Each structure stands twice: as C-alpha cells, then as structure tokens.
J.: 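One structure, pasted below without further comment.
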Amino acid sequence: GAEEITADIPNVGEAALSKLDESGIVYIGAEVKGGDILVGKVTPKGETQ
Amino acid sequence: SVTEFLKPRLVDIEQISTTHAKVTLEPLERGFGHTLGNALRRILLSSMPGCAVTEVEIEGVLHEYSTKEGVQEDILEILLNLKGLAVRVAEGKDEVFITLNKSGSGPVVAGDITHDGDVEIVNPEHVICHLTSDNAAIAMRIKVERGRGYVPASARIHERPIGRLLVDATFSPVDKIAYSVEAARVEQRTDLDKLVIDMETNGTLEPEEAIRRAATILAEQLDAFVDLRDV
Amino acid sequence: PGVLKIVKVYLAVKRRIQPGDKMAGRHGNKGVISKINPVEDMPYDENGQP
C-alpha cells in the first residue's frame, strides 16, 4: 500500500504526540530531544507468523 | 599574648561606583591576611546568591532563531542582552515576573521595564534592543529567579508552551575579586596587617552582605573540622 | 519515482565548548580542551583578573 504521514502511530502514547499537529508533523518552535517524533509515518506490513 | 589572636573587624567600606567597592578588614595577624583573603576570594567568586533572567515570552515569537519586524536585533541577540540584566528581588521571593512594552523608534533599555515594586533594576541604561520603525512595537514578559551559580537551560530538569524561551542563568553577582595585605598601624605593634578586598559586581549585592555571607559559608564548612569525629 | 510525499525538518542546535573540542590559533598551535576550570582556580594577576 501507500505509506501515510499521520499522527495515528501504534504503540505510542499521547506523551510523544504532544509536539505533533493533526497532520502528524512537528510544530515550528518545538523543543525536541533524542528519540522524539518529528514526522509520524506508518508503513503497511504483511502477514506475520 | 601568644595563644590568643586579634579578631579582624570591618573598619571601612568604600563605594567607588555602583559596581565597584573596597572593603577593609583590620587587624589581622601575620599570615592570616593571605589565608582569609584567599578563602574569601574563592567563596565569593563561586557561591554567592543572586537573581537572573530565566524565561522570556515575546509576543509573536516562536523561537530564538527568528526576526521581528521593526527590531534591528534578532531574538537571540535580545536574549543575550537580557542575560546582562542586573535585578535585585526583595527578600522572600525566589521568582518574579516583569514586563517590557515599548512602541516607536529608539533604543529599548532596562529603564522601560514595568515592575511591581519588589524588583529593582540596577542598570537602567542597559540596552536590550532597538526599534527602527515608528510602527514597531515590542512586548516581552520576563521571568527572574533567585539562585546560585551557573544553571544552563539544558541542565534544567524537564509542559512548556511554544513561545517560552529559556535563558542560561548566571546567578552569581560577583564578577571580579582582588585582595591585598598591607601594613596596619595599630597601637604599638608592627606585626599586624590590613586586608583590602576589591569587589567588582553587577550592583545587586552589597559589599558587607557579601563578606558576611562568605564568612558564614566558611564557618559552617569549618564546623565539621571543629567537631572532628567518624560519621 | 515512487515517492508520494517528502517532509523536511530543520533543527537548530546550540553547541557549547566542552572537553574534546579542537581549538587552534593561526600559527599551527592546535589542541584539544582537557578541562573546564572554575574561575577561582585559574591564575590571576595583581588586579584580580583571571
């Protein structure tokens, strides 16, 4: 499928989505540290055993 | 006698300017001038409390790496200028908010800050920014905190709304300390000495208060030796 | 080809001097900072300037 840029990131709480907007992109002026999400993206994955 | 020493006293305080003073301690026995001078210099240069700007909020500004219309300086340079603000906050308050609103062409200086009477600005001629247009306006909300030492913004423990700008804080008001030990003319003895401490500060801390605070720290740290035991 | 969207983010980092940084003059005198000394521990002149 097509990779989508969005704020709906599985297995990630609301703590890491504070600096993201509705479109899933960080705000301008956001103070960020290591491991913080800048642009949220989800890739479709196949069936996993 | 031999076993009893002469304790120094504060005999003179000379205020050359608002940011420069000389403090004279007399009498001092042989060698004690240098010992006390070095101890007081190391304590004064390292562990003096003060007040510093920590947070700035400027309307329409999201981060330091930007510009504002009608202002010649960048926000980074404005924060650097605010780092040099000499503020005295009344005892009992470790936190205060002051405001700076100014419109029209001209240098925006520290004397244009609105404070609630518990805050004293020591250097009203300190230039914070320049407004280069008649339509230009600036409105900042500055946070001043009491502290000791140097606390960078990164070292502060971690919500913070976007727009609030952290400023590295140098709380110590003491900038330069010198000391000299000269001869003292006391009664008939010639072995006594006189300690002169030259203090260059930002005007926030009084000389006598600084000397007593350094002496208090030294005495409190010496108490452990005065009561030597296994702890 | 195959690219649907690109998002580029620019980060400004303030780097302060620290042990391990390389400092030099204009005469080949290069070196690495070993220690950030307190002001009260540095050599000073008769006027108190370190």
Side-chain angles (χ1 to χ4, degrees), chain A residues 5 7 9 12 14-41, chain B residues 52-85 87 95-103 107-110 112-114 126-133 135-145 147 150-171, chain C residues 5-18 21:
Chain A
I5 293 169
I9 302 299
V12 169
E14 300 177 0
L17 280 35
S18 59
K19 299 165 191 177
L20 297 194
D21 66 344
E22 336 186 23
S23 313
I25 308 168
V26 74
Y27 288 107
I28 286 184
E31 268 258 23
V32 286
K33 62 184 177 305
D36 279 3
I37 298 170
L38 302 158
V39 194
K41 189 173 78 173
Chain B
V53 171
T54 45
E55 277 167 26
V56 192
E57 254 173 321
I58 317 177
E59 276 167 53
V61 169
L62 296 173
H63 46 88
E64 333 174 345
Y65 320 94
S66 55
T67 66
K68 188 176 185 54
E69 232 183 5
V71 191
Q72 186 177 2
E73 271 101 341
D74 308 349
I75 311 298
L76 217 168
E77 201 170 352
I78 294 171
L79 299 189
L80 292 176
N81 287 348
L82 279 178
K83 296 182 54 170
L85 205 71
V87 174
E95 205 183 75
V96 74
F97 291 91
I98 62 184
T99 43
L100 175 61
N101 297 66
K102 183 126 181 323
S103 325
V108 177
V109 299
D112 315 346
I113 294 172
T114 326
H126 185 70
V127 180
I128 294 164
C129 84
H130 283 92
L131 293 179
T132 52
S133 191
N135 193 29
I138 192 69
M140 332 165 173
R141 183 185 197 228
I142 304 150
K143 169 143 171 223
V144 170
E145 298 193 356
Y150 174 55
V151 179
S154 57
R156 282 166 208 172
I157 183 65
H158 184 76
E159 59 89 20
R160 182 175 58 212
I162 287 176
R164 172 155 317 160
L165 305 169
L166 287 205
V167 181
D168 290 353
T170 308
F171 294 106
Chain C
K5 186 172 324 143
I6 307 185
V7 182
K8 293 197 193 160
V9 181
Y10 297 88
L11 257 63
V13 184
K14 256 189 217 177
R15 298 234 176 102
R16 297 160 47 224
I17 221 73
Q18 54 178 294
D21 287 352

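Below, chain A is the first sequence line, B the second, and so on; all start at residue 1.
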J.: Evaluate B:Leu131 against B:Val71 for side chain to side chain contact (heavy atoms under 4.5 Å, CB included), listing each step before the verdict.
T.: CA-CA 5 Å; B:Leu131 293 179; B:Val71 191; 3.6 Å; yes

J.: Quick one: closest heavy-atom pair of B:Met140 and B:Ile78, and the distance?
T.: CE-CG2, 3.7 Å

J.: Looking only at heavy atoms, which two atoms of B:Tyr150 and B:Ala169 are closest? And how far apart?
T.: CD1-O, 3.2 Å

J.: Could you check B:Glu145 against B:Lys143 for side chain to side chain contact (heavy atoms under 4.5 Å, CB included), going step by step and ending with a plain yes or no?
T.: CA-CA 7 Å; B:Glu145 298 193 356; B:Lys143 169 143 171 223; 3.1 Å; yes

J.: Show the nearest heavy-atom pair for residues B:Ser66 and B:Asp74, with the distance to one decimal.
T.: O-CB, 3.8 Å

J.: Report the distance from atom CD1 of B:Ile58 to atom CD of B:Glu64, rounding to the nearest 0.5 Å.
T.: 9.5 Å

J.: Side-chain atoms of residues 22-34 of chain A: list all donor-acceptor pairs with protein atoms under 3.5 Å, sequence neighbours left out, distances to 0.1 Å.
T.:
none

J.: Is the backbone of B:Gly70 close enough, under 3.5 Å, to the side chain of B:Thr132 for a donor and an acceptor to pair up by distance?
T.: yes

J.: Is there side-chain contact between B:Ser154 and C:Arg16, with at least one heavy-atom pair below 4.5 Å?
T.: yes

J.: Distance from C:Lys5 atom NZ to A:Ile5 atom CD1, nearest 0.5 Å?
T.: 4.5 Å

J.: Please list, chain by chain and in numerical order, all residues satisfying side-chain contact (heavy atoms from CB on, under 4.5 Å) with A:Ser18, sequence neighbours excluded.
T.: none

J.: Hey, what do you get for CD1 (B:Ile75) to CG (B:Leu80), rounding to the nearest 0.5 Å?
T.: 11.5 Å

J.: Around atom CD1 of C:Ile6, are there more than 12 heavy atoms of other residues, nucleotides or ligands at under 6.0 Å?
T.: no

J.: Locate the shortest heavy-atom distance separating C:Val9 from A:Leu38; write the atom from each residue and the value.
T.: CG1-CD2, 4.2 Å

J.: Hey, could you give me the CZ/CG distance between B:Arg156 and B:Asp168, rounded to the nearest 0.5 Å?
T.: 6.5 Å

J.: Would you compute the distance between atom CG of B:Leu100 and atom CG of B:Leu82 and round it to the nearest 0.5 angstrom?
T.: 8.0 Å

J.: Where do B:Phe97 and B:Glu95 come nearest, in terms of heavy atoms and distance?
T.: CE1-OE1, 3.9 Å

J.: Under 3.5 Å, sequence neighbours excluded: what are the donor-acceptor pairs made by side chains of residues 159-167 of chain B?
T.:
none

J.: So, taking the atom named CD1 in B:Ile128 and the one named CG in B:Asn81, what distance separates them when rounded to the nearest 0.5 Å?
T.: 7.5 Å

J.: Is B:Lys102 reaching over with its side chain to a backbone N or O of B:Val109, donor-acceptor style, under 3.5 angstrom?
T.: no

J.: For residues B:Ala52 and B:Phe171, report the shortest heavy-atom separation together with the two atoms involved.
T.: CB-CD2, 3.6 Å

